[PDB]
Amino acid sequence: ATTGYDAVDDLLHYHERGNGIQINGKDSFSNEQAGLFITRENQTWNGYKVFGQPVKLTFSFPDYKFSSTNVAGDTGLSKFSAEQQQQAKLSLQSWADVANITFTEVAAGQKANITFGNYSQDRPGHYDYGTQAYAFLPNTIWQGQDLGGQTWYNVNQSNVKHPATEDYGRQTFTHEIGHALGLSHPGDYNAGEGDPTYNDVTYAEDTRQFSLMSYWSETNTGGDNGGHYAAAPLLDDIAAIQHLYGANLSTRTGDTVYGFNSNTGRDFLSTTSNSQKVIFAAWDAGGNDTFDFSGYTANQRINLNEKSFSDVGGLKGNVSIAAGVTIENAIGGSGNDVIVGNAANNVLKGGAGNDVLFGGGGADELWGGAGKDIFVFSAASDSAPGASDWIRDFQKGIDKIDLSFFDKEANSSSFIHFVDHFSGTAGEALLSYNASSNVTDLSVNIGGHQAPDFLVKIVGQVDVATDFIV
């Protein structure tokens, strides 16, 4: 039994977590739990244990003196270059997009909440090629001085010097800012302190697939970013930062397009070519939105449910949707895709290739596009009379309608069965073809009611002998 439903079922159970689950011999935490563990120090710019309140912060790029020594003892200091400043500002904005944080730049001489500076020596006249960067959480006091907000980077590392071309560099900026806002790593470990490895994590999801605060490879949980690094807060980072400063309800409230043809104005949410891969966790506060992954040629798996992961552009588990966000439409690429909608009305387009489309609840509009496509249904409510799904480009003898879930569940080959007239018997399915309108009605009486409780409208003719999977 290799059906469209199996592919759907697989994607729906991808990366399940929490509720007493255990992965890699470790406890699994839900998105909510992870967000809380990541902010376990309880420090915020609004005060200790003061959660959910908005904050206004200033930042700057001070003019550090080479010969000066910073609080951690590093020296060979320097001001961020123009390329570093530009990428740092993109990293700041990516945090402000998801939580109620306002960032305002002040002059180098003015006191600032968050600062950025380069270092190159661990002792005078001795270059350091072994460290990467560090930062102090809010309310870190030493000798009556508040160190919170300072972020320091080893400019001897090429990724730090050229964050615009080395994605690890941009990720490092986002990570350090995360610390400066109050987030810790998801587990108790820190560079220059023992020999930690993924085996030392507290919860399974402590990887770069779920949080950029993590040190561990996404491959530990089955992800694969193809050698790239996420530039902006990931799924669990969003939960963490929103716990501290609240969710930003004014972000992208209009109709937004993510991926190709994007109108987000965010480098990490957009792409203009098959070679440019995206890695992101989507936060969107309103509107009719679309995941457009039409320009990719790889086989993709797109799930529009909240907190779920998708396989986009040749990568694995690189795209996700934050808790409480509703993304309405999705467009597949020229590969053989699996596209799973949600309870809202979705517009799903498979594009070329042999796709599997699952609308779920609501009134969906499904387009298989070219290729041999399969439209899957598993509940009467997937296409209730009054709110029917529409299959707009069905090709008889080529595409298929998969109703296999039903007989499997009933464990009976005769539950779903075609008839020429209803009788009130549950399981009866009826096809009504209108040659003048080019529309075929597929009615099914799943519950055994007086009237059918499932009705799909199909543009095109359907051949009962070859077009169904039952």
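Each residue number is its position in the shown sequence, starting from 1.
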key: Stretch with the higher entry mean CA B-factor, where the candidates are 47-55 and 415-423   = 415-423
task = Report the stretch with the higher mean CA temperature factor, choosing between 303-311 and 81-89 on the basis of the entry.
result = 81-89
key: Per the PDB entry, maximal CA B factor within 96, 108, 338, 352   = 108
message = Among 164, 321, 379, 374, where is the Cα B factor highest in this entry?
response = 164
Residue 194, C-alpha B-factor rank within chain (lowest, middle or highest third) = highest
remark   = residue 410: CA B-factor among chain residues, third -> highest
query = Which third of the chain holds residue 385 when residues are ordered by C-alpha B factor: lowest, middle or highest?
reply = highest
ask   = Going by the entry, which third of its chain does the Cα temperature factor of residue 440 land in?
value = lowest
message = What third of the chain does residue 231 rank in for C-alpha temperature factor, lowest, middle or highest?
response = lowest
